[PDB]
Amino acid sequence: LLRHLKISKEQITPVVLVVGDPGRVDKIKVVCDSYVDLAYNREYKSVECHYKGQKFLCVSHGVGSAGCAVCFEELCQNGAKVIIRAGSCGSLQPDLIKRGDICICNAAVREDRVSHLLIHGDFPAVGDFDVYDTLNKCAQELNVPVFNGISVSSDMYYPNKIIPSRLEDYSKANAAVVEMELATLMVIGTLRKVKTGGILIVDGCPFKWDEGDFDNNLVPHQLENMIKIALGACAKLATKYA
């Protein structure tokens, strides 16, 4: 079995959907055509999903870059060819990107440490074009409007008052949203020859937390739509390996 995911090597499928919360895996599996529970160790919950005639895993990665890298590395080392992250994020453009909007991301800010322990900082955190295109084409089929943009993947959720957060700089640089894992996924994927992407639902705006605008309200219909897009994309991408 995989060292920490505890799934057997034979159970790794070419396409894998990753999400942060183990609870979310259980909410996703029930919208599929069927599923098989595989393993649950620590924050890493794994389920084989069957959807639109195809088979792909759904696996939880936990909160944050160092914990997710364990997950991503084990998947890449054991046969995953495509990894899509579906997650939540905060808006960095509060005039234009609002609660419940959906972002399909192509690139990310490497505000982690593990990516830098693997490759020099100059190297880009970028997703695969094809995966990105597939996500966007599924959103278009379902008539679900989306945003595209760069995510800031930051290891600091709660800022302090000594070293300024770089969020406002990145907003000024036209980064769309903020989350905690996509850059890490993208860099590990490039290093390991695994295609990656990301789709995110907006939940709040960090620049408006002092007015209670937190990440505490996933708009249920929007969340459903994102999950449909994510599952759709997985199934289409899975067709090529099947």
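Quick note: we count residues from 1 along the sequence shown, nothing fancier.
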query: Among the other compared PDB entries, is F214 dropped in a third or more?
result: yes
- request: May I ask you to compare 127-135 and 104-112 by their mean CA B factor in the entry and name the higher one?
  value: 127-135
- prompt: Comparing 61-69 with 197-205, which has the greater mean CA B-factor as deposited?
  reply: 197-205
field: Per the PDB entry, maximal CA B factor within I84, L142, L118, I150
entry: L142
query: Whose C-alpha has the highest temperature factor in the PDB entry: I97, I162, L167, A80?
result: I97
- line: Binned into thirds over the chain's modelled residues, the C-alpha B-factor of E179 lands in the lowest
statement: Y40: C-alpha B-factor third of its chain, per the entry, is the middle
query: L92's Cα B-factor: lowest, middle or highest third of the chain?
result: middle
field: B-factor third for the C-alpha atom of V30 within its chain
entry: highest
Ranked C-alpha temperature factor of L17 among modelled chain residues, by third: lowest
